[PDB]
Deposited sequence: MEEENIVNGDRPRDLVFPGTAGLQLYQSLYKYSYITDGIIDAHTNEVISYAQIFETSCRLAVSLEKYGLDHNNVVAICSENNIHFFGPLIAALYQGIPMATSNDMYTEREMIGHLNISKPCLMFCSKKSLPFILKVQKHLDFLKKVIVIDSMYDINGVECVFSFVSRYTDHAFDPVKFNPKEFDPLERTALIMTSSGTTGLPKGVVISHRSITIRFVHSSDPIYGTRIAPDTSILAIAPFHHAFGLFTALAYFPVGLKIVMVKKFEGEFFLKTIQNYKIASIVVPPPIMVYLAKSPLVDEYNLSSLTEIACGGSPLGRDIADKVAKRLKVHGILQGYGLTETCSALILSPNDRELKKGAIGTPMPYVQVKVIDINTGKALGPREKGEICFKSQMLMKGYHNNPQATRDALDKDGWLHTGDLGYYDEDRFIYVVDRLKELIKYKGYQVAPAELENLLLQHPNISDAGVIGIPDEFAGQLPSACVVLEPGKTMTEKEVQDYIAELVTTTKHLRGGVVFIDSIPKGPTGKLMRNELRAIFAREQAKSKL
């Protein structure tokens, strides 16, 4: 019923302050994020600057918390500028699956109804196309161009309009607000209902997530200035949050878009990557590989998942094959931010579990093992413009009703 004792106390403020501080702190990291496919690089100090300027720009452009902005890109090195900026101001951000149907995108976007949309070069036509069908979508800004594209502004142009040459990110202040109430992200999944909906994620969810990535047992124990590999889609809770927690711990990131097979091996070997986070299919590819042994995976200290590899000893397959310690396992994870109670190689902080009282509602003891429920500040505050599914998923007094006994 109570979880473990946090080894790092949750940052009391907003997610933006933690990130801002993390970027000011680790500014000296030159190999900040690298595009494995194009060898393009970005330094922490670049991101620091870009996010701060963009925050100011978003403000002076005239947006506040009652607004909502959106980003739509494939895994991209410039994904994080706008995201962190929105967190600075406290403007809720909505991520978008870069591979949606036109139909899907219009639905998804009709949930949060963003006034501003950031997107990649690659995604730009799609987004203009869709923008025709939504009257609320005022501005679109391209994230990986230094020049405007057919009248569509790029982040640089935009930011230039609102900040000068002498701007200093160090003299910048992120807004302050209740991290438990203020929506950081509005992410969208499909449930049993089969309708899109769209999930609210508070800042405090993120700062707790950060505690976890810091935990020496259930998190990463990798030292700063060390390369990790990011592959999961940044528009999923998995990819976004696992990637976001890279900055406060100060890790160098090498980034891969989709699978590509063995490319995702060339990369580990060649960048000397220490940790990898990966979904189950990647893990099974790891267990069962036609001559994986042609690459020198020797740097791979840590391996992690998020999708539950049911069994068939795949965690063992990967543990034994690559000389890596036990792999993070236990408990199946939900879209709300996923990671909840699990076990290293032994054989969750800010998280509770509830067992007593099938037809009642108050107890504090984990003895008999009846029905199970969850209460953490890291949980979705609910779905967006749909007060109904929020109550059906999470109850009347803050607990969340899981499913089994």
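Where C-alpha coordinates are absent, the deposited sequence of this PDB chain has the segments 1 to 6, 354 to 363, 422 to 546.
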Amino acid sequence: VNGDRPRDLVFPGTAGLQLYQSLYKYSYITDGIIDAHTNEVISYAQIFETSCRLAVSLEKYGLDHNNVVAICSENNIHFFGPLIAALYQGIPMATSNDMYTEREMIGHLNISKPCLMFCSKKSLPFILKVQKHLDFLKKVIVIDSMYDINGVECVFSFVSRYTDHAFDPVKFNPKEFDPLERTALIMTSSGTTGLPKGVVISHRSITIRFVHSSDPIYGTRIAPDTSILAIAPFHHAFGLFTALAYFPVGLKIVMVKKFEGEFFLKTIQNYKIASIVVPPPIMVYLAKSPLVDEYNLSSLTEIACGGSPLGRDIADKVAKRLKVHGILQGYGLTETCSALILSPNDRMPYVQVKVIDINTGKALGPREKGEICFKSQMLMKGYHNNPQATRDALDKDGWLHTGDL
From here on, numbers count along this sequence of modelled residues.
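Per the PDB record, of the two stretches 79 to 87 and 311 to 319, 311 to 319 carries the greater mean B-factor over its C-alpha atoms. Comparing the deposited coordinates for 43 to 51 and 334 to 342, the stretch with the larger average C-alpha B-factor is 334 to 342. The maximum CA B-factor among the listed residues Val278, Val292, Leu116, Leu180, taken from the PDB record, is found at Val292. By the numbers in the PDB entry, the CA B factor is greatest at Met283 among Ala274, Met283, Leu109, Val152. When the CA B factors of the chain's modelled residues are split into thirds, the value for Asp148 lands in the middle one.
The PDB entry assigns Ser190 a C-alpha temperature factor belonging to the highest third of its chain's modelled residues. Among the modelled residues of the chain, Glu262 sits in the highest third by CA temperature factor in this PDB entry. Compared with the other modelled residues of the chain, the Cα B-factor recorded for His203 ranks in the lowest third. Ranked against the other modelled residues of its chain, the C-alpha B-factor of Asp404 as given in the entry falls in the highest third.
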